[PDB]
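There is one chain below, alone, in structure tokens, taken in the form solved without the named molecule.
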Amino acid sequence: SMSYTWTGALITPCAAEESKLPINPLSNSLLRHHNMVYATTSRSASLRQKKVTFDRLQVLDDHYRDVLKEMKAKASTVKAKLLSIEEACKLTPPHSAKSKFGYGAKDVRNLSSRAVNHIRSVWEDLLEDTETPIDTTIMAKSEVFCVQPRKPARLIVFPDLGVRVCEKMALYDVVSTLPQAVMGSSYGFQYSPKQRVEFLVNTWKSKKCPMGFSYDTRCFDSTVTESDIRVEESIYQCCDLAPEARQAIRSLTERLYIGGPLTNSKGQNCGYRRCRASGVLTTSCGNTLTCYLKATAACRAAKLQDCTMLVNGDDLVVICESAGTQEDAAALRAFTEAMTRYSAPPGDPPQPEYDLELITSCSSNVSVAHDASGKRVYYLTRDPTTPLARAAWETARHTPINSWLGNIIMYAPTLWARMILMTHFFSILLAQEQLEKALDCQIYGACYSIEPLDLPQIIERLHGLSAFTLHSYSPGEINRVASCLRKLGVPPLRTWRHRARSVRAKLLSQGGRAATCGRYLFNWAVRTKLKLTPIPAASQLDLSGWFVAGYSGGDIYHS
């Protein structure tokens, strides 16, 4: 069937849309080529619509069925619990889109009478009505990028707030626990960056002659068929579930997940969806299971040897045993035709790689540096272009989520996050005297409230002390960073070192947590290094829950 059907009504914005980077003194000190940074808007919606609208092709074979049964056998060991309305409400982000039924996220979090009453009625409706399609709103997502030698806005589809809370009650525990039970070490969201690196490195070293590749499906959500979504439900149904949760899951699958009507911000009928909605609770878990299922079966069909998968939603990395240059090339090609038959055609043909550093997944790749002892240490890095463009944007404009904070945490060991992001943002926080102000950021899609002054302990707990002593980065990594800065008009690293020494000094002079930030985060900036000892507060942090599952598009808030 067609992934989408359109009436002609336009995808409209519900407020003014900014697309250009402002000329701001704070942002200009970080990035001078402001005309190269832009934000997507509804103006490009039609372009995206054209790309994601097509008829799907899907042929399932014995390998697919074999793997599905293997996954279901594992899912059968799961017992999922039903979340109370209170628990579900508390998972709702403070700035989540308000309901059209007289209440907003703040009301939900406060368990106000009207919000809770409506949520209950929505729940009872899911238990009683097993067929009526649930309405969804379609919007053009606002994301920041750097012009390329422009990307049309992505389309987000989500149901009302009441429905979103009900999804949590019925499925939060399932999407938080089932993926790991089914996919084991292949489920990527169970890993912190260091652990992801650990898995990739060990998986690579375990092969006699490793060969690996990233497989990028063209607009994955649009490739997801009704069959895929019902197969996904069949996996969830293997869990021990409360009667109402089982019905809610059955109803949500038929009324929302497999598809439904699309309404624009103006309340006009835009069309119909018959594929994955980006803004529902099951998107991350469902895409991961779907991608893992198809690729695991595809490997068998293509005869790839010892395929080890690492899946994060639609992002897939495969590491296997090489059978020779020509053999691998033909097998990868066969893999692609198998995935194509399963309705997971590639955006760009995958290419076999024989060096782990050359494998890129969602712009990220593993690289190596050295600690104080001179020992090799692998870490996760990525092209800094988008992180820098977004940092500049969030510097000049107030945004609900601070990607820069999430990037500092996830890429703390990188040359660019340390020299640029830490330097730039701490200097600004110092100047505005807002170091102790908690900010919101996202990790694997879930929203977290974080205090900048706790970054030292956070980073130590997640990356280890070596994150504050890495040096001697690879030539390729250094070159990528340097060339990126020239492209964006970002001052050279020598300038950032100078700024860091001054920022470091100021932080030390204030003592307390601030001083700790200066000592640990900016030790790289001084010749006479300071003895960095394990931070007491670090070993006392409760980061249990940060890396359990993916929740992108799931409207999740962890407090």
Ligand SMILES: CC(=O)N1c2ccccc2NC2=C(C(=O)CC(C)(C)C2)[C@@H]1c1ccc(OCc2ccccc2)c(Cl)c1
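Start at 1 and count along the sequence shown; that's the residue number.
Here the subject shifts to the form solved in complex with the named molecule, a form of this protein not shown in this document.
**Q** In terms of non-hydrogen atoms within 4.5 angstroms, which of the given stretches 169-177, 437-445, 241-249, 115-123 touches the named molecule in the entry with it bound?
**A** Single hit among the candidates: 437-445.
**Q** Do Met410 and the named molecule share at least one heavy atom pair within 4.5 Å in the entry with it bound?
**A** Yes.
**Q** Flag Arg196 as yes or no: does it have a non-hydrogen atom within 4.5 angstroms of any non-hydrogen atom of the named molecule in the entry with it bound?
**A** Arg196: contacts the named molecule in the entry with it bound.
**Q** For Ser361, is any heavy atom within 4.5 Å of the named molecule in the entry with it bound, or not?
**A** Yes, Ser361 is a contact residue.
**Q** Can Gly260 be called a contact residue for the named molecule in the entry with it bound at 4.5 Å between heavy atoms?
**A** No - in the entry with it bound, heavy atoms of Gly260 and the named molecule never come within 4.5 Å of each other.
**Q** May I ask whether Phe189, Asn312 and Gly406 each come within 4.5 Å of the named molecule in the entry with it bound, counting any non-hydrogen atom?
**A** Yes, the whole trio is in contact, each within 4.5 Å by some heavy atom.
**Q** The named molecule isn't shown here, but in the entry with it bound which of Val163, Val231, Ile85, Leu380 has a heavy atom within 4.5 Å of it?
**A** Looking at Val163, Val231, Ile85, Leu380 one by one, just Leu380 meets the 4.5 Å heavy-atom criterion.
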